[PDB]
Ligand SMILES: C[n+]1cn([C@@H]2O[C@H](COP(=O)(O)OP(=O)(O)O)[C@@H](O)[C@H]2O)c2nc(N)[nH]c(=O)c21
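Just the one chain here, laid out as structure tokens, in the form deposited without this ligand.
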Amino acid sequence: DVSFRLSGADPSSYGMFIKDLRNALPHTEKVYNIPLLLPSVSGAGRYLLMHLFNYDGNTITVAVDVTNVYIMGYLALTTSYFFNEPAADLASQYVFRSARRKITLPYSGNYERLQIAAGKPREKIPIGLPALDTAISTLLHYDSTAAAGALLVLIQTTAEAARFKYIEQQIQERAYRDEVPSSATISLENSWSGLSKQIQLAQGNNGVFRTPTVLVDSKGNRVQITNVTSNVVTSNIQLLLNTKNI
């Protein structure tokens, strides 16, 4: 398992937690020095448990599929919660079985359905360590509308930070003050699978992308990524979605 405590949290302890999260995901190869996530994992070992503690020490346990870093559901006291999708239904077979009751959230775990549920797009939800402390607190007591926004914060400050150093850094900058994510952060989030694909494809194509990826840069400019010499590949993405899951 991995764990993170908001009480006494700082940019360094967050960085350490995000490093553990990445290191709990299994892989058998690197592609251009980037861990390549497995095509699949059988049984319960498919699911990493992340124990998060809010500032008062209250906890939820979040279940993550180690193949794609998708959050499946979480446990809050004796109640489990899962997204309304087949993958999460599958996960509920394996984790949080000892929960007294299971609630299925009235949405699937993707950004489009979560933004609908929450009534706002990601671009307008500030994120950061304080927003994470709030999200953990909210998820402690069921409220489906509030939970959608909480889950958008949670996904971004855990899974999206593990995938990209740039997002991990953005969260670090927001250790003590939340702020909406930069368009770059949104761009990376949206492009993870495509980048993961083009990096794998580059092996066999001399480090060149079969199709270039358009991102937005740190300065708000459109940039086009064409090959594995880009900083995005050398010094940003930390985990690749296996092309068998694309």
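Counting begins at 1, following the sequence as shown.
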Mean C-alpha temperature factor, higher of 96-104 and 151-159 | 96-104
Averaging C-alpha B-factors over each stretch, which comes out higher, 65-73 or 38-46?
-> 38-46
Determine, from the deposited record, the chain-internal third of the Cα B-factor for residue 186: lowest, middle or highest.
-> middle
Third of the chain, ranked by Cα B-factor, where residue 238 sits = lowest
Please place residue 228 in the lowest, middle or highest third of its chain by C-alpha B factor as given in the entry.
-> middle
Ranked by Cα temperature factor within the chain, is residue 177 in the lowest third, the middle third or the highest third?
-> lowest
Ranked against its chain, the third holding the CA B-factor of residue 85 = middle
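Only in words, not in the display: the form solved in complex with this ligand, which the text now covers.
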Of 153, 72, 139, 171, which residue is found within 4.5 angstroms of this ligand in the deposited bound form when only non-hydrogen atoms are counted?
-> 72
Report the residue, out of 58, 61, 190, 182, that has at least one non-hydrogen atom within 4.5 angstroms of this ligand in the deposited bound form.
-> 190
Might residue 143 be said to contact this ligand in the deposited bound form, defining contact as any heavy atom within 4.5 Å?
-> no
Would you check, heavy atoms only and a 4.5 Å threshold, whether residue 110 touches this ligand in the deposited bound form?
-> yes
Look up in the deposited bound form whether residue 160 has a non-hydrogen atom within 4.5 angstroms of this ligand, and give yes or no.
-> yes
Verify the contact flag for residue 81: yes if a non-hydrogen atom of it lies within 4.5 Å of a non-hydrogen atom of this ligand in the deposited bound form, no if not.
-> no
Given 81-89, 124-132, 171-179, 96-104, the stretch touching this ligand in the deposited bound form at heavy atoms within 4.5 Å is 81-89
